[PDB]
Amino acid sequence: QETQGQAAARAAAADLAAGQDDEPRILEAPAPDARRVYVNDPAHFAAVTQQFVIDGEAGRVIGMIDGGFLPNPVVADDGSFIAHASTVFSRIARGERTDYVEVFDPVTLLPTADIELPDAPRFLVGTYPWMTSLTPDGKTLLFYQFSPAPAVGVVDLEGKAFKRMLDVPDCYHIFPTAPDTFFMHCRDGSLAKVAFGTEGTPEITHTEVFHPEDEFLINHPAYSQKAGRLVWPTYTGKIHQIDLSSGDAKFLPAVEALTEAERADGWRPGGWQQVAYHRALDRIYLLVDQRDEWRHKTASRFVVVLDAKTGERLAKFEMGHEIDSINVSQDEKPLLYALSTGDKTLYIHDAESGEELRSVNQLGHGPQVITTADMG
Amino acid sequence: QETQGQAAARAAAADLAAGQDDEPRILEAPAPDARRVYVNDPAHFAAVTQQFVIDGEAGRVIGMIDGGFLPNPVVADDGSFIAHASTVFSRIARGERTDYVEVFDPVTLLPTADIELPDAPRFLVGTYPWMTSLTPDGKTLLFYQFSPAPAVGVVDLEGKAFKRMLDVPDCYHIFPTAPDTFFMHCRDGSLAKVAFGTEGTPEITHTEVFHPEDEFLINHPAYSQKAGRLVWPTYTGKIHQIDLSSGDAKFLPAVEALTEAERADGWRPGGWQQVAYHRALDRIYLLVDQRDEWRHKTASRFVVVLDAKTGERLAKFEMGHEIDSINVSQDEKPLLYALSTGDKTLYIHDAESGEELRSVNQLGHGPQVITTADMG
Amino acid sequence: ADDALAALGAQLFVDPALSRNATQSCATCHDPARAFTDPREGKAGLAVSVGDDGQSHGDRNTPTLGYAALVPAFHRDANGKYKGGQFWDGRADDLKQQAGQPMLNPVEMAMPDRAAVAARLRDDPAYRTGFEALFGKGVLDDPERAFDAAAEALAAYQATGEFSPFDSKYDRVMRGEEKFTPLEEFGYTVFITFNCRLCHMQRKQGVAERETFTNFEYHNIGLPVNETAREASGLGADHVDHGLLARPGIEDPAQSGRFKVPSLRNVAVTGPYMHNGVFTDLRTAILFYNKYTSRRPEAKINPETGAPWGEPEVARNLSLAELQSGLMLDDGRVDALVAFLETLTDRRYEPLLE
Amino acid sequence: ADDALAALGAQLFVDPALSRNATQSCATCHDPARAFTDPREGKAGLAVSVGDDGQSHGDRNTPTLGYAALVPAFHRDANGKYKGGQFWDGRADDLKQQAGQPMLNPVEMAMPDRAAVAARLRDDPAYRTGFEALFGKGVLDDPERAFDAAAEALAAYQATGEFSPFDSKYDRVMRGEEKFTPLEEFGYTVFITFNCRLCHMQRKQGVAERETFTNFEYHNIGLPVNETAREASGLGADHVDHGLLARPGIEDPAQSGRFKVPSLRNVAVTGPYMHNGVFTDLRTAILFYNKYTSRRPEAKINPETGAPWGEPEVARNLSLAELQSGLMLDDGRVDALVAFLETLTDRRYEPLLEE
Amino acid sequence: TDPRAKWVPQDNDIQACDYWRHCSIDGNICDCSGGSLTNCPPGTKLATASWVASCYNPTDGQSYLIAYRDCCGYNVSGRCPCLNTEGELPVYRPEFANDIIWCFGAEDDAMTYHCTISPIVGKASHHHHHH
Amino acid sequence: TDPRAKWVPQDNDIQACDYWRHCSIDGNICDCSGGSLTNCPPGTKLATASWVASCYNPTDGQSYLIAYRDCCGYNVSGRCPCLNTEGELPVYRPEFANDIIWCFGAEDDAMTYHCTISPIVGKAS
Ligand code: HEC
Ligand code: HEC
Ligand code: HEC
Ligand code: HEC
Ligand SMILES: [Ca+2]
Ligand SMILES: [Ca+2]
């Protein structure tokens, strides 16, 4: 029952009693681990923003990173570094725009690379984790550009330089599969495979169209790079699963997050990061609630858990709060992270029972995105 | 009785009914007037900040102005422009610091000057209005520097250029009295008069000590540049009045804002801008409440209004909210502005009766500074 | 009255006796069978039309008369933007002022003067009766009254529901009578979300009673010269078409190179496109807007030539704020836009789409 | 035992017979009437001390022995910072290791060897009695034993209350037995809020039991050569005092130019200042710190000479992080610091404050 | 106050998030930071890009096309925040998608979001979203 | 809770604004953003400047000098905001003044305010 602030008072009181000296210094964050979790605050389109580095076990903020306008956070699955694509202006929200990638050391939180992106090429949009993406080898960062056209930026983190813009068709999101390959989702209902050598056009292949014009796929699919699993819920909780672990897109069976009855009863997914995917347990987590068809971005009070292989429901948690985004740690007995944009609190649940263990409040103005590293 | 958003709904429905056309465009703000009021939001040390331009008569936001770290806003009394001294960094809160002054057109709110200040010379402090100041002719911006020593920076707004840093004694605040002259309050209990040129050691004179080492003069005195009146409360609601209209400091009779019984009962001033002065009425307004002596920065729920000549109490207004900062319009039948940092709300009161008339909410995160123009 | 006046206009419209050699009428160039445009192949293809003399070519594409009666009279509005009038350069105030100009233009109908016009009206017993019933006795004996009366009859004829039937698929969809195809609705959406609607819409906001897909303003979209048309016109390789600045009374250099926003009604069946008929295909006209937005190497290239569009005939006063929308139209959106535009074809010209 | 060993040290401390020509004792250079410092003039003023031969000058200022017994033995902590020891360069581990050195130093007491020191001690019947009582019979017969025993006696005597009485006004104020003047209290507040406390306070945080106003670390503050002292000492124009790097076993080039943070106790009476006695006035040692903070031209000027402070003897490994505090000390604060530092004078030396 | 409930349009207050024209607005109503229903606040830049929505008007029972537009080049207003999603489609259908900072074509390449205006551009009539 | 009441120190929770060492703190408690009671969060820079207060320690009945120090070069943390003013003097007595961003001396010229630490430096006299 002793809180961290209380234990802290006791230790400080004891150091004073014992006459213990200690040097006021810059603390190092604890080595990244499986329970480390990052919460990004897009601050409702504020010109500057914050990333909160959280120890998920202690429910303690272990550091912070400042960002610009709608930055895209990335987190190297192996823990070696974090990075983001950010955007600043010479006069708060006006004047000369600089888009840039920063790479950070994960314990000092110090920037180790700062890479300018030429011609302000970032897609500025409410934050979608897969609009900016690390290749599996951590050597390359890929960001989406929408204007003047769909395009994908290649950033060399190893050489600390921007390389070039790739042409793509009318497609969206970026899911890296190899040092030189990523898939996108296209308007025509297909996925585009993009392979890029070092020069000239990329080689763009399309898959078969895998959903119709009237079946709407969410802006926040779950993608496990180490699995190659793309998990894509529709507005109705229909979930498209696309395997990418052979290099090409195999389409897994389509599965339903909600029952026929529940959908008739008005149950729909809703929120921001509406879907989480645990890699080892091959499991899907989906933020759902009873809502109108066009209330798809509102908070949800329930998480449903289903086996990705079968589609069977494994549990349904009443979260006890207005949740907008979820994610999971990728260790055994994982935590289920439930972020409330409204509360500005990360509620940290046991992913097995759905029980609330601890929470971390005051996480900015309108936090939305949870990222974890898949360190296993 | 009908709200502004109600009237707008009504007007918009009538235009639609009558097939009325209108070009979507950038509005001009209405001409600045006596009941325009500016609210600054230092945002509790946020690296970027907002000023709200408000029509106090309608209680409407008519515009906003973006700023950096703890800017110092100033407002030409004649209405011709507003400006601020501001601070930005190349990577949100880290990297190369740029201090600059912007001047803005008060109706388009466009910056008409961006003047760099060399060697990052701004004093970074919770916003004291009188730590940056316009000379009466509106041609010079003066800004305080603390590090490495007390100094004062001269910015030519007309020629749009930084002029020089002036060495000053161990003194604080800048109350301009003339194109080339300003007073500061000194550690030794004197005022220093500083007369400066383009080059050469400034002429620095001291007034006599006007208070003992144990009377504590607040960081937000009210100064009517047009009246040359400096109204300086102490921690006890004791008010120093210095008349600087002759060009030299004349010490006015001390007045007590609180009665002896009130003081015996723990009434003390408290807040941020605890004092306002109405020039034409020659009235002092002091934020006061029952408080412990070291709660001098907490909100207060009461305003006493007292005749500046006699120290006679004219009113004690129960504000009905947690008010940190007060200020007044300088026209007849003035508005008394009462900003709650907690509520993020400007409450607009009839200054005669103290009756709350209207209020403007959602003013940033921790707004603290009210500035009005003295136009008449 | 307005009935009779229009009926007289109907007669005058198809009467080649209003040309010097009696070989052409309004209808020769504004052919009712081609949405009131010229089907006749000439030196420069369908870009420009051939006058009464059988050789003289104009320097501008012959525009449709459909919906032209919806355009306001020429005026400068309160934003200081010119709006309305007739001709690509707005040099005529209204349909009435315009009517007389082709009759007396030597490169077109080529009557020497109003007298000669009145003389040909006097030859026709049906004109003596028709005119005299509407304008009074001896109207045809006075060249000024006759010419004016003819122009007025022509203007009234052009204002009949026959020129502006509002019976396109678009019209019927907006009446709720039918629906857009998925592609058409996408085209519509694209048209109002991308820059198009900033110029090809009657209003900035609200609902247009009789939409004709033009705000009646003047813009320079930076088109190049049409080589063959220009050659065929005989105006010279030195010549620059200054658009609106050519209207007498317009002196403002910011108007040089600006042309009236054409109504996009029946656009699908009135190729070639723009003031000089430089693009044969509708798809090309759409594509041309990408040169201001797309950074792809193909945006700089006219698909009809396989070569750079060419420099603007007038390099200045380009509507860059509107044109540089920072958004490219991909193939899909151009397809959508073509579909949408085809729905602006009048009922009677729906057979002409293929 | 504890008192007797100290008492033997007291005898040895004042005994000139430990010098070659018998003119010089510890008390000669470490004069108890001047807070254990050298009042004598040499060729370099009071900056450096003159040895027993009456010609030889050292290169460093003779420091107080007051409070020197509060310094820990020389060591490197986990920080990688060296701390403690004796001498300005901390080349002696502790007091006992230090004691024997002035004795055998040809520029100082100048005894040829340990055998010659023993011989002198053997000649005095009070020493035979005193030494043998504490160290056993025949101690004075063995040069190594006799020399070590003397060093120990001398160490023990320096550990007495006599040397570290903690009866300064500062001490009195901290016991609550009186109060600072306005100036002294501002002085103290400045000392703890400006960079001084980063070096001249025992601890980084908490409360020191016996504050001696030094963290016992080694810092290069970028001091110039003291030209006259350097001339007098005869080490040459090309000689660099490397400070801590000159300690045997210190090889780290980053230690060059670093000196032990002196205790500030009795600082008002132990001028001139710094390892080379380069500054005469207490005020001048304080103003020296403004060279790193202040923008004004006068911050670069030594007010005792009217000339630049000068180039640091060792331009590298300066404590710029600490020294470049971004805040200048105005004269008000300087006066405050002087007044505060004067409170650090032991009681018996308060009369010396006047002059 | 029940966020999941079917959104109920009103035609009585443009500053409230249930005003009929705001049916697929994301961000802040310009009328609360010194613009108006259909104009930008001073100092901002009007984007030429729009996203569009058919919003049912409770008053006349007609569905209208709202081509929303962004006023850009200021930090977010922080006043009258609203997020509605009537007919809102995912990003790959951008013409109906509202997470996008629709600041394209703004003067000075302004690309920061301040607030959004809600002008009517016609009377339709979609397919994925009709009344 | 009553903001105007005399401040009552506690020595049992360092994240609450009534922790005894925070008697004249202004800003955010560093312990709330990855620092500790007397250490800066990672990525920030420790100022060498400070301001002092005599804070009563209700554990031992002793007043201690707390020399506050800012962790700098980050946007304000936004966690555990606090503002106390025991013995706080106006700006002209900067030794005891706490509106000032006391980031002087921080590495890399960092001058933005992130949070404040609360180390003891001596007993109060
Ligand atoms: C030789 C072919 C030809 C003939 C005959 C001709 N026109 Fe035209 N018409 C044109 C051309 C070419 C233009 C464009 C001229 C310009 O822009 O300067 C034009 C323009 C117009 C316009 C303006 C439409 C718009 O959108 O600006 C109207 C109305 C018009 N003509 C009606 C008539 C009438 C009525 C007659 C019979 C008196 C007639 N025309 C005779 C070819 C012809
Ligand atoms: C700056 C205003 C403006 C914008 C934006 C604009 N247009 Fe135009 N449009 C014009 C003008 C002016 C002309 C005639 C140009 C000329 O010939 O000088 C024109 C000509 C056309 C034509 C040829 C029609 C004919 O009768 O010859 C088509 C088709 C067309 N536009 C469609 C579009 C589409 C589709 C878009 C959106 C991609 C668009 N325009 C954007 C103003 C504009
Ligand atoms: C020639 C005059 C002279 C004599 C005699 C002398 N000293 Fe010293 N003392 C010095 C000088 C000079 C230094 C500093 C030199 C250095 O740091 O290398 C010093 C330094 C010391 C220190 C280190 C103090 C500190 O804070 O670093 C101690 C302890 C000391 N002496 C004790 C003694 C004792 C005990 C004797 C008698 C055995 C003695 N001294 C004889 C001049 C003298
Ligand atoms: C970066 C560490 C450091 C800081 C900060 C520092 N000092 Fe020092 N001080 C020293 C060192 C080391 C010496 C010895 C320098 C030498 O002689 O080589 C010294 C010497 C002195 C002396 C001469 C003492 C003697 O016996 O010779 C005085 C007086 C002094 N300091 C006062 C101050 C004051 C006052 C401040 C605050 C403005 C201060 N110091 C800040 C480390 C520091
Ligand atoms: Ca044509
Ligand atoms: Ca000395």
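All chain D residue numbers match Swiss-Prot; in order, they span 26-380.
For all residues, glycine too, the Cβ spot is worked out from N, Cα and C.
Here Swiss-Prot flags D:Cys51, D:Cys54, D:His55, D:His300 as heme c 1 binding site, drawing on sequence analysis. Among the features that Swiss-Prot reports, heme c 2 binding site is placed at D:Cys221, D:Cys224, D:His225.
Overlay of Swiss-Prot feature records on the structure.
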residue  : record                : DSSP class
D:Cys51  : heme c 1 binding site : helix
D:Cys221 : heme c 2 binding site : helix
D:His300 : heme c 1 binding site : coil
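Listed binding-site residues: D:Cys51, D:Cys54, D:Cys221, D:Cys224; maximum Cβ neighbour count within 10 Å falls on D:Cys51. When the alpha carbons of D:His300 (heme c 1 binding site) and D:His225 (heme c 2 binding site) are compared, the span between them is 15 angstrom. Excluding the listed site residues D:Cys221, D:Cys224, D:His225, the same chain places D:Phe216, D:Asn220, D:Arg222, D:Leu223, D:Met226, D:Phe238, D:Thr239, D:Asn240, D:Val286, D:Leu289 with Cβ atoms within 8 Å of the centre of the heme c 2 site Cβ atoms. The C-beta environment of D:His55 (heme c 1 binding site), restricted to residues of the same chain at least 6 apart in sequence and closer than 8 Å, consists of D:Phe61, D:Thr62, D:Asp63, D:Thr87, D:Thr89, D:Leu90. For D:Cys51 (heme c 1 binding site), the nearest of the binding-site residues D:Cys221, D:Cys224, D:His225 in terms of C-alpha separation is D:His225. In this structure the C-alpha atoms belonging to D:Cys54 (heme c 1 binding site) and D:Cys221 (heme c 2 binding site) are separated by 29 Å. Taking the Cβ of D:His225 (heme c 2 binding site) as reference, residues of its chain lying under 8 Å away and at least six apart in sequence are, in sequence order, D:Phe216, D:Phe238, D:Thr239, D:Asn240, D:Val286, D:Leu289. Taken in sequence order, the binding-site residues D:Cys51, D:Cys221, D:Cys224, D:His225 that lie near ligand 3, meaning a CB under 6 Å from one of its atoms, are D:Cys51. Note on D:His300 (heme c 1 binding site): other Cβ atoms within 10 Å of its Cβ, all shown chains, come to 22. Within the set of binding-site residues D:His55, D:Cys221, D:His225, D:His300, D:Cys221, D:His225, D:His300 have a CB atom less than 6 Å from some atom of ligand 4. Spread of the heme c 1 binding residues is 19 Å (greatest Cα-Cα distance among D:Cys51, D:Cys54, D:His55, D:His300).
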